[PDB]
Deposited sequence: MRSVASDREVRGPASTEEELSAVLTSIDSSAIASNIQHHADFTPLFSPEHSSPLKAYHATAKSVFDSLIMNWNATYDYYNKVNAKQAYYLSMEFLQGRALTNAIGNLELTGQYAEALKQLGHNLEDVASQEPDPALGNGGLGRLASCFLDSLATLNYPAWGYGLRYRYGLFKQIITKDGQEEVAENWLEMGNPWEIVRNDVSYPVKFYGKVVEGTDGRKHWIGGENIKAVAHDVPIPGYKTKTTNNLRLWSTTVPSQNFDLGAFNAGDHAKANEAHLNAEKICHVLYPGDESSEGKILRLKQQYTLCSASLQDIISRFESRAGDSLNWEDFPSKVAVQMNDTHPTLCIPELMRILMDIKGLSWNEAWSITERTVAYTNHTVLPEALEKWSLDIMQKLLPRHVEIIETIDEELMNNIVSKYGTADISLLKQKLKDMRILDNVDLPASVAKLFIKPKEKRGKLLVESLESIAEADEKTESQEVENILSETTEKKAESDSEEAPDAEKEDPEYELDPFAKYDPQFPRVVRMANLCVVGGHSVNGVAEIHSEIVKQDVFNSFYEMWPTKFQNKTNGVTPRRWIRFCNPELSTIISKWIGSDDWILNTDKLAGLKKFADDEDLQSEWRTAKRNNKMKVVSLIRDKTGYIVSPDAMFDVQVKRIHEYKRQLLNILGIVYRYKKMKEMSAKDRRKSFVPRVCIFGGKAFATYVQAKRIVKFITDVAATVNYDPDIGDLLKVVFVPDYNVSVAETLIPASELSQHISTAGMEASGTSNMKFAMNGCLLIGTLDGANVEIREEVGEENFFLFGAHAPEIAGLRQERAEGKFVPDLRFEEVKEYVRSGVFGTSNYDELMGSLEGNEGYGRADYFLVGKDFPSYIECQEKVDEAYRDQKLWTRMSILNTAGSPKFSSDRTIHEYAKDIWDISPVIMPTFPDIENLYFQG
């Protein structure tokens, strides 16, 4: 299977599955063709893998998520098939360049943060390790948004990734499932419940093959596109002139897949958010059920269901899986409550990803009751049961104790207790056991997930402890055997081998083979070579070579001109008060001010030259975050064009940070920042990407840094800031006026109010770092607190960078320390300890 045949297959797809005029010649045209030529290998293998799983009828694992940051598939598919050399040559013959062709691929608009990229890494590992597993998600048309950076700060534009269609997917027209909204429940002849009426849509499957590395195993991300049958278009409306009304039905079905995490401060935004989730659950489960039945055939027994199916709820979005499975098993197959509940408990598992409350979903019962009346019936029964198990395991005797246990674990909050439990609170009836109209009736999804899943895990050792101690305590006490940990990871094929081929050469040379790509434990053999100077020379050169690609990026995307002989200092992540991009920039602002009040001789002596690179998207509606990116941009303009500074300091905000950007940025990075308020980050995965590439980490004792420190060693990691235990203390200290800030921190704040950074003075932004009390103020994320610790920590980073022997020694020990953070071992752990699945290898 040689390069000359491949160049013919490329030509073929350009001409015989064409998207452009024949005489037209574009890199973009070359991409759609090359994509399709590669894809042929994936279809062959996809079908082989599909057919073999059906034969073997092995337990299949199903990963549900609202997010998938797939990123560009081309170079990773080609790389995994090991046709990387030959596709490169093929494109030379045709007057093209692979790097240039690959760069025309649009990033799928299917995700946002770690949650999505984690899921994606997971799928690559799962395929690579021959595990039978699919991903289920929604096919978002416009995604979250494409970030543009103007003079007003961030602006959001809808993404265009599907405008010419996605070559990396396959429409499965025979795979359509009906999904239902609103309606009402009634009891049929056969005493069985029947959910009728309401609005009805159909979800259609779009498959995205996941090619394994050096394996024929090709798994699948099945993506739901919602629509309605053309007949639901209203010609009466259209011919009468009312063209929007004519189109109402199509809009409502289709908007479900328009935007990721749509704004929900409106009742209409909530209903959509909820329709998004139900669709994911309903369509996905129906399909899972379907596959179980065709494989079972004549020998069909539902008790076999949890031994053939594992469903993984990634955060609380897919919670509805639980009652949805109960609906199908009872209303459609005629299983009894306990029979269905037993099966459900053992099929579902839950991973929590953040102690942040935007993930601890609460829903209005009234909305849910209206949209999904049958599911509320089911939850009502589940919550009645849950309370009877609590009654058993505790009280009747101690009522005030029992009262507390019931608040904590209740799924439906502020509802009239079931008759059974209300009994215990007569005096008559206690107000606690009664719905209070002064407050909302709420459905607490996280509790329902804890009840419904046989396993509950977090994503880092510190975090899964927080989960057991702070978040779900009464539940841990009841079912200690539910609670686990599965520390996150990242695929080393996309995040070393294919994003950083230059380093990858150096790695396989000194370890003696390239097997580490798969058996990443074998990177540890670099520890001993850490002080060899010849290794160090190749290692430093590689970093420098990758830095020149970023100089191109910054030049092109922002217009700024930046030298690669400086320290590349990066912070790229979702723009949130808690991740504290604000802390970082203010630290830069302090050094900027010091440089400006200092002689040009001393400037060289005092500070190492840096290029401080920010990136990430600010949730559009999040007002304060958006002001933070605006602010960063303003500082950039002021610093980069100052002749007193020059190449001693540059500050750059790279627009539209996504998988593609990270793939260039990360390998070129020498210092990355992960400086979240301690105990707020659950894990974080860029941490792990950076370390794999020999990037050093400056950060807090928070999430995955903790374990990353353990692996690479305290001496090869820049630690600063208050620790997790001390947080709420330092806050309440602030509340009673007891915190007095560093003199240097007051200096910076006022130097910002000086107005040297444009016509804006930002008294409003600095205002969130002041006062003792009140929402949006009181420096809740401890920026002013950790400030002095931090800027002092940055002095030690300077001094280390001065000894490039040391810096490179440490650089190397981070790569040597990374193997724990391979998504491969994250998968093994999941596979053994939760899913209980076995690999399946085709002959």
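Q: Relative to the deposited sequence numbered from 1, which residue ranges are unmodelled?
A: Counting from residue 1, the stretches without coordinates are 1-26, 454-510, 927-938.
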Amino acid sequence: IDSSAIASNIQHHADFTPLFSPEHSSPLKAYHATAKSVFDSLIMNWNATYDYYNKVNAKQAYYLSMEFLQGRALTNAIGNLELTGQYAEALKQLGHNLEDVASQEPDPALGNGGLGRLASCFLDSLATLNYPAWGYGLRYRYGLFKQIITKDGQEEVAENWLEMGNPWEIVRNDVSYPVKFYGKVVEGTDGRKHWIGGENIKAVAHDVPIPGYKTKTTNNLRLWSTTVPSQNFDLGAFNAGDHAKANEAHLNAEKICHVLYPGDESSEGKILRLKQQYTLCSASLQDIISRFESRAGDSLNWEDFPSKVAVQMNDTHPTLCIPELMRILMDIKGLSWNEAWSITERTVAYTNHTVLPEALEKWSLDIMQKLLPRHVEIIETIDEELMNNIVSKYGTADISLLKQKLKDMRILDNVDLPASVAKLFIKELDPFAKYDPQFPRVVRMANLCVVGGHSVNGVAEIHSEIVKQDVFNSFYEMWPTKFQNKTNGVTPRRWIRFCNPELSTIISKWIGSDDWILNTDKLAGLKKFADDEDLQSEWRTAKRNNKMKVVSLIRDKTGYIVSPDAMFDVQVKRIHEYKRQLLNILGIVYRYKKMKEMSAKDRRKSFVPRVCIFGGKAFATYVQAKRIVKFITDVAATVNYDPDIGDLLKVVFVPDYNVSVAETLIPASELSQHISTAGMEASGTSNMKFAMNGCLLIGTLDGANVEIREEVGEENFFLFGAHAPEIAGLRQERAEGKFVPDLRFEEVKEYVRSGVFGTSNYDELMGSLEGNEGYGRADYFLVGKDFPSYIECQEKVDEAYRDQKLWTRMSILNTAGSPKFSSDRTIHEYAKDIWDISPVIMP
From here on, numbers count along this sequence of modelled residues.
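Q: Taking only the CA atoms, which stretch has the higher mean B-factor in the record, 510-518 or 163-171?
A: Averaged over C-alpha atoms, the B-factors run higher in 510-518.
Q: Identify the stretch, either 583-591 or 292-300, whose C-alpha atoms have the larger mean B-factor according to the entry.
A: That would be 292-300.
Q: Can you tell me which of 418, 229, 262, 373 has the highest Cα temperature factor in the record?
A: Result of the comparison over 418, 229, 262, 373: 418.
Q: By the entry's C-alpha temperature factors, tell me which of 121, 743, 460, 274 sits highest.
A: Out of 121, 743, 460, 274, the record gives the largest C-alpha B-factor to 743.
Q: Thinking about Cα B factors across the chain, which third does residue 578 belong to?
A: Within its chain, residue 578 is a middle-third residue by C-alpha B-factor, going by the deposited values.
Q: For residue 609, does the deposited CA B-factor place it in the lowest, middle or highest third of the chain?
A: Ranked within chain, residue 609 CA B lands in the highest tercile.
Q: Can you tell me which third, lowest, middle or highest, the CA B-factor of residue 63 falls into for its chain?
A: Lowest third - that is where residue 63 ends up once the chain's C-alpha B-factors are sorted.
Q: What third of its chain's C-alpha B-factors does residue 634 belong to: lowest, middle or highest?
A: Answer is middle: the recorded C-alpha B-factor places it there.
Q: Could you say whether, by C-alpha temperature factor, residue 685 belongs to the lowest, middle or highest third of its chain?
A: According to the entry, residue 685 has a C-alpha B-factor in the chain's middle third.
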